[PDB]
Amino acid sequence: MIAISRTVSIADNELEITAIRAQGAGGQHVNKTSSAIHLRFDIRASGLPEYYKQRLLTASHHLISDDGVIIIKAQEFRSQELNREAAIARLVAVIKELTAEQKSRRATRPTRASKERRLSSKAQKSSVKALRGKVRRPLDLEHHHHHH
């Protein structure tokens, strides 16, 4: 249950909760980021008020994905209890800060972005090209005469 600003608040069970397993591990864990709680605050899933929706599209913060939707990615330690509470506490604070008047900016820099690999495999063999050609044909043309 999250106390949103501007008249409305969002329910408890209606929350979006995803479990993040980042990057395809090659047997052993190559990363440690395969443990994170993902929650999102989406406008389209709710009916946000006029002032609130205006704020989301005006307040350029990295937590905003693009469509004015808020994506929280938190991963510090285990205990999902703590992962949730910290993520919620932070987003609620941010909500209050941007629903607040001007000059309230910055303070939002979650640098989690890294994923690259390669994949190219093609094996198809059709050997039907055979040839021959063995002929001895010497064309010699010399000259012989005494010079006068």
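No lab work stands behind these numbers, since they all come straight from the coordinates. Positions of Cβ are generated from backbone atoms using ideal geometry, with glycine treated the same way; all protein chains shown enter the neighbour counts.
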> Among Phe41, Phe77, which comes first, second and so on when ranked by fewest other beta-carbon atoms within 10 Å?
Replying inline: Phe77, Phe41
>> How would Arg84, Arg109 line up from fewest to most surrounding beta-carbon atoms within 10 angstrom?
In response: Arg109, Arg84
>> Can you give me the angle between helix 80-99 and the longest principal axis of the chain, using Cα atoms only, in degrees from 0 to 90, rounded to the nearest 10?
In response: 80
>> Given contacts defined as C-alpha pairs under 8 Å and at least six residues apart, what's the relative contact order of region 1-108, whole-number percent?
In response: 27
> Which FRET efficiency value, to the nearest 0.05, do you get for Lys96 and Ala19 by plugging their Cβ-Cβ distance into 1/(1 + (r/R0)^6) with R0 = 41 Å?
Replying inline: 0.90
> Can you tell which of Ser121, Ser65, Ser46 shows the greatest fluctuation in a Gaussian network model of the chain with Cα springs below 10 Å?
Replying inline: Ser121
>> Could you tell me how far the Cα centroid of region 1-20 sits from the Cα centroid of region 95-127, in Å?
In response: 24
>> Using 0.36 nm times the number of residues separating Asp12 and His61, minus their current alpha carbon distance, what extension gain do you get?
In response: 15.2 nm
> Can you give the extra length, in nm with one decimal, that the chain gains between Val135 and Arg117 once fully stretched, where that is 0.36 nm per residue apart less the Cα-Cα distance?
Replying inline: 1.2 nm
